[PDB]
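Single-structure report; data block below.
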Amino acid sequence: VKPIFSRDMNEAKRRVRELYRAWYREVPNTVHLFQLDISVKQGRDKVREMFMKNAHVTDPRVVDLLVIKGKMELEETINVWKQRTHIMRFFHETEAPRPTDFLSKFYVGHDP
Amino acid sequence: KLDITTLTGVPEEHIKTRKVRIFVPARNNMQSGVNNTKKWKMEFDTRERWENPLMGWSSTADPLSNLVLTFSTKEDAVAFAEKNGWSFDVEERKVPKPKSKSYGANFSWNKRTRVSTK
Amino acid sequence: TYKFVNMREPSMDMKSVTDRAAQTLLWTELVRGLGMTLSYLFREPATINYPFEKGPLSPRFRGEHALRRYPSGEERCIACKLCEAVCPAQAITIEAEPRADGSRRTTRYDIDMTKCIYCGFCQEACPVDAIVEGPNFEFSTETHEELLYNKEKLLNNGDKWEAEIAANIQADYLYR
Amino acid sequence: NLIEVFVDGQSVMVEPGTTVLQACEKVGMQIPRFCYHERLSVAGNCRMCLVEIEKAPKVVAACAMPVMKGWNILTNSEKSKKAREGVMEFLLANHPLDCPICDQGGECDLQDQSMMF
Amino acid sequence: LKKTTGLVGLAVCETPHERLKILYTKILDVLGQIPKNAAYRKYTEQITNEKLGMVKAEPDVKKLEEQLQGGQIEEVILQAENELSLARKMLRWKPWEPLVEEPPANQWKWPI
Amino acid sequence: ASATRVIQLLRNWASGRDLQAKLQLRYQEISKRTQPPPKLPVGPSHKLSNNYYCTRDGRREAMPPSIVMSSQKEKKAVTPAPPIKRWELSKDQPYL
Amino acid sequence: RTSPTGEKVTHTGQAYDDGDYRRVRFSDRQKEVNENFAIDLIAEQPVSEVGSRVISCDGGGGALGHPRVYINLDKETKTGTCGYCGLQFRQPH
Amino acid sequence: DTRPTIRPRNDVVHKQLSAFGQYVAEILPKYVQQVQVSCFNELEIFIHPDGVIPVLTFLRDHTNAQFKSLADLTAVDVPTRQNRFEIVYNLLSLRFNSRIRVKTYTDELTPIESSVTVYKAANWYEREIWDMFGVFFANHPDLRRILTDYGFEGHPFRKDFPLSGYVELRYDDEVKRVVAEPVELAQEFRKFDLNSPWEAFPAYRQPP
Ligand code: SF4
Ligand code: SF4
Ligand code: FES
C-alpha cells in the first residue's frame, strides 16, 4: 500500500523520536506558560505514558498518523491554543479510580 | 492487519470489553414484509440502564448503546469489526425454506389437507 | 438585468468643484446626517410599556405546552405516542397502561421544556388536539428542575389556559 | 423438472406447481398480501396479491395461481397497480379510524401496504 | 478604448488580438507536443483553431467578443493562459494512458 | 401621529422629507386582529374519478441514475451547457 | 385521595412511600397534583340512547374532536364506548 | 408522468450533461472510472483517487470546462466498503452555467492529494474532512482541527462514532477548571426503528 510519510518502521520510529524530543523539551515551557500546579517530571512522565500507550503499533502508516496527530497536539500547546483545562485533561483527576479486579467489579455493578 | 483502534479515539473500556454481534435482523413477526431482512447489521452488547432519580427516565452510561451499523455482506461487517478491534460474534443468516403450497390440496379426496371451512 | 452601484464619475465644472470643496470644508453631509438624527429625535419612540403593554401576537403563536380535555372533562390524550415520535428533540416521554375503565390513558407524559425546540410538530401530529402549544411565553423559572414538566404540570396548564387555547384553536383550525 | 417463467422479463427456474407469489419471491419481489401465509393453507380471498400476467386479459391471484412455463409476470405493471389500489380501497372502505388507538399501529400490514400500494 | 474591464484585478489590454494570437500559437505548439490519438489534443486543437480563426477574421474588439462568447476579451486572454498552463501540466500528467486501476468491487454501488 | 405642526415642520425640515406621510409606527392601516373564517380550496387531486395514484406517483417515477460511461466493460468538443448569455444593463436605474 | 404519609395521590396512583427518599423534594415546596381526575369526570357523563343500531361519535365539534368512529350497539348487557371520547351509548331496551 | 404533483423533467440538460460526461471521460480516461447523469440533471464523474489534482485542474482551466468555483467538498462514510470514505467535489462553472461532481475514495490510512493548489477554497474543506472523518490530505499547507474541541479525540462524522460521543464537560469546584468525564446521560437517546418492512420503490430493487 502507498505510504504516508515512511516506507519502513525504522523510518517511522525516527519521526516518533523527533516528536518525543519536541514534546520533552516543551514540557518545561508548558508548565511555566500555563501556570500548571504539577512538576516538570509529571508532565514528562505523562508524555512518556501517552507515547507508551501506542507502543504495540506495527503498521508504519498508523505510526505516521499518530505522529501527525502528535504534532497537531504539540502545536496547540506551543501556540497556547489549548488551555489549562485542555492540558490537565490528560491527568484525570475528577475521575474516580475504577478497579480492574474481578471481585471489585463484581461488588460495584454489572460492568463486564 | 488493520489496527485502526489507536486512531478511532475510542477509550480502552469500549474496545476490549465490548462484544459486537453481526447478524441479519429477524423479520418482525407482526408483519409479512421482508424488506428489513436484507442487509447485515452490527450492534454492541446491552448494558446497564438505570432509572433517573428526578424523572424516572432510563439513564445510561453506555455511549455505544445506539450504534447499529448496516453492511451489505457478512464479510464486510467482519472486516469492519476486525479493523476497530471489537470481539465480533457472527450469526449465520436464516432464510425461510421453499415450501410446496397447493390450493387444490384444500379439497383433497383422501388426504388430511382437506379443509373443513374456507 | 443588472445594476452598477458606484461607477459614477464626478463632473469637473468649476461650479461643481466649488460645491464639492464647500462640502469638504463646511462638512455639509455631516450636518445632513446630524439633521437626520435630529429629526429622529422628535419622532415618537416605538417603545411599549412592558409589562403593562404587551407586543402583538397571533392565534398560531407556539408557547408553553398544555394537555387539553374533552368538553366532558376527560383527557383527549389517547396515548398514540406519535407526538413523541415526531418530536425532533426527543423531549416527550410517554408511558401508557390500560386504565381502570380500559381506555388508552397515559401514565407518564413528560416533556422537558429545556430540550423542546418549540416547533409545534407535537400539536400538528396529535390526532385529537390533546397536546397544544398554548399562548403562554412568560413562564421563566429560577431552577432547571421546574422546566421538566410532568403530566400533572401539562394537565394543570391546559385547565388554566383552556379558555384561550380553545379560542385560538377555533380561530385557526380552518387553516390546519 | 424446473420449468422457466419470467418475472418482469427476468428469467427464473421454478419447480412445477410453484405459485406466482413464490416465483416473484425468487427474484426478490414481495407481492402484497393479507390472506396468504406461508404456513397456512391458501385462501385467495383478500385479493391483494392480484398481478397481471403478460398477454393475459385477467389478473390472477399470485397467492394461489400456479405458474405455467413461459409466463411473464408483470409485478409493477399498470393493471397490477390499479388492482392493488382498488383492493386497498375496498379494504379501507369499512376499516375504522382507530390507527391512534390501534396497538397494531406502526407495525400494521394494512397501513404499510396502503402507504406503498 | 475600454476604460475598465469591470472585474476587479483584470486590466484592460491595449493589444488583445496580438496577445490572443500568441497565446493560441503557444497552446497549439504544446498540443503538438502531445500524442495525436489523445482526445485532449484533438479537442483542444479544434477549439484553439476555431478561436484563432475567429480572432484573425474580425478586427473589431466588441464584435470579436460577441463572436467568441467568452465574455470580455481580457477574460478570453485569461482563459487562453489557463489553457496553456493546463496543456503544459497535462504534458506531464499524461492522462491519455489507460485507467490506473478499476474501482474495488462494489465501490460505486448505491444504495448499500 | 400626535405631533404639533411646529414639531412636524421641524422634523420634516431636519429629515428633508415628508415623514407624516410614511410613518413607521402603525396606527389604523393594519389588518383587523379578528378576521372572518376562511375556506381554503382543495388541490388538483381532490376528485372522485380518473384519480388513480399510479398516474400521479411522482415519488415512484424516479429512476436510478443513468450510466453514461463505465471503465468496466471527428467528434466536436462539447461544453457542459451553452455559454451563458451576457447580462444586459438595467433600464430602470442603469447607474445608481 | 391521600396516601398514608399524608401526600395526595395522582390519577395514575403514584404516591411516594414513607420509605422513599424522593419525597424530600416536597419538603419546603408543593407536589403538583391535578384535581380533575378524568376517569371520575367521564363516568359522570350520562349514557346517551340512540334508536339506530350503529352510531358515530366525533367527540363533538366536528374537526375539533377526534377521528370519526362507528360503534355497535347490539350487546344489551354493555354500552358501546367511544375509543377516543370515552362517551357511552346504548340502544333502547 | 404529468400534472402538477409530478416534477417536470428537462431532457435537454440531461443530454447536454451526458455529452459533457462522455467528453470528460474521453479526455481523461486514465482516472475517470464511471460517469452518471441523475434524472434531475446532475452530472457525476467518478475518479480514481490519484486523479484528484489532474481532473480538478482540467475542470478548472479547460476552455470547455470553466469550473472555477469550488461549490463544496465533503466526505461520505459508508463503512460497508473497503474505502469507506467517499470524497465528493462540487464544482460550479459560471461560464457555462452548470455544475459537476467528482467522487473519489480513500481508506482510513491512504492519504489524498490536497486540491489547495487547484482551488484555494479547498483548504478549510479538507481541514473539516480531516477533523470529521479522519481522512488525511497530503501536501496540505495547514492541516489541523477546525470544528472539534482542541483536545478532542476521535472523528465524529464517522458512521461508527457514537452520536453522544465518549466524553462530556462540566465545571469542578475542586480543580477550579472545566474537566472532561465519560459521558453519562440522564435520559438515553431513544433509538427508533422506523423502516417499513415493505419495499417502497421497485425501481431501486437490488438483485437477490
Ligand atoms: S398527546 Fe396526542 S399525539 Fe401525544 S400521545 Fe396523546 S393523543 Fe397521541
Ligand atoms: S414543540 Fe417540537 S420539540 Fe417541543 S415537544 Fe413539540 S414536537 Fe417536540
Ligand atoms: S394474498 Fe390474498 S388473494 Fe392472494
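Residue numbers (our numbering), protein chains in the order written: chain D, -15 to 96; chain U, -3 to 114; chain F, 55 to 230; chain R, 5 to 121; chain E, 650 to 761; chain V, 130 to 225; chain S, 82 to 174; chain Z, 159 to 366. Idealized CB from N, CA, C, for every residue including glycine.
Residue range 44 to 62 is occupied by the alpha helix (DSSP H) that includes D:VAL51. Of all alpha-carbon atoms in E:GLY702, E:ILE722 and E:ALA706, the one lying nearest the alpha-carbon of E:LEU656 is that of E:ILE722. Straight through space, the alpha carbons of E:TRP759 and D:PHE90 are spaced by roughly 47 Å. Contact check for E:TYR689 against E:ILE683 passes: the beta carbons are separated by less than 8 Å. The DSSP assignment places no complete alpha helix (DSSP H) segment of no fewer than 4 residues inside the region 246 to 270 of chain Z. Not one heavy atom of ligand 3 lies closer than 7 Å to the C-beta of R:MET120. Check the Cα spacing between F:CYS170 and each of F:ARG97, F:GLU138 and F:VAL59: the tightest is with F:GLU138.
The three-state reading of DSSP puts S:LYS89 in strand, counting E and B together. Cα atoms of D:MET34 and D:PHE75: separation of roughly 11 Å, rounded to the nearest angstrom. Beta-bridge analysis with DSSP links Z:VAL336 to Z:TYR329. The region 52 to 64 of chain U makes contact with the region 337 to 348 of chain Z: 3 or more CB pairs, one atom from each, lie closer than 8 Å. Under the DSSP definition of a beta bridge, Z:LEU343 partners with U:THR56. Scanning chain V for C-beta atoms nearer than 7 Å to the C-beta of E:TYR692 yields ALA206, reported in chain order. If you draw a 10 Å sphere on the C-beta of D:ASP48, you find 16 or more other C-beta atoms in it, and that means buried. DSSP places D:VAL(-15) outside any beta strand (DSSP E), giving it a letter other than H or E. Using a CB distance cut-off of 8 Å, V:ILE159 does not count as an interface residue toward chain Z.
Taking 8 Å as the cut-off between beta carbons, the residues of the region 162 to 194 of chain V near chain R are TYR181, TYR182 and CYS183, in sequence order. A distance criterion of 7 Å places the beta-carbon of S:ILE123 beyond contact range of ligand 1, judged by its closest non-hydrogen atom.
Residue burial annotation: D:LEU87 is exposed, with fewer than 16 other C-beta atoms found within 10 angstroms of its C-beta. One alpha carbon belongs to F:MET61, the other to F:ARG74, and they sit about 18 Å apart. Scanning the region 155 to 214 of chain F for uninterrupted beta strand (DSSP E) segments of 3 residues or longer gives 158 to 166 and 185 to 187, listed from N- to C-terminal end. Relative to ligand 3, the beta carbon of U:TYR99 is positioned no closer than 7 Å to any heavy atom.
Per DSSP, U:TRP36 is not a residue of any alpha helix (DSSP H); the beta strand (DSSP E) it occupies stretches across 36 to 39. Closer than 7 Å at the C-beta level to chain R, one finds these residues of the region 348 to 361 of chain Z: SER354, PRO355, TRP356, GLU357, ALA358 and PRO360. Residue burial is scored here from C-beta neighbours: R:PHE121 has at least 16 other C-beta atoms within 10 angstroms and is therefore classed as buried. Within chain F, the residues placing a beta-carbon under 8 Å from that of U:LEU50 are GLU199 and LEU202, ordered along the chain. Listed by position along chain U, the residues whose Cβ is nearer than 7 Å to that of D:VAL41 are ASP(-1) and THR2. Interface criterion met: the Cβ of F:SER157 is under 8 Å from a Cβ in chain S.
U:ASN102 has its CB no nearer than 7 Å to any heavy atom of ligand 3. Inter-residue distance for U:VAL30 and Z:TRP356 is about 7 Å (C-alpha atoms, whole angstroms). Looking at the DSSP output, Z:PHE204 bridges to Z:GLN192 and Z:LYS261. Secondary structure remark: continuous beta strand (DSSP E) runs of at least 3 residues inside the region 202 to 246 of chain Z, in chain order: 227 to 235. U:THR13 reaches chain D at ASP95 and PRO96, counting residues in chain order whose Cβ is nearer than 9 Å. At a beta-carbon threshold of 9 Å, the residues of chain E lying near Z:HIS206 are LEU748, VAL749, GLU750, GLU751 and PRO752, ordered along the chain. Residue nearest to R:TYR40 within the set U:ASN32, U:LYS95 and U:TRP105 is U:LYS95 (criterion: CA-CA distance).
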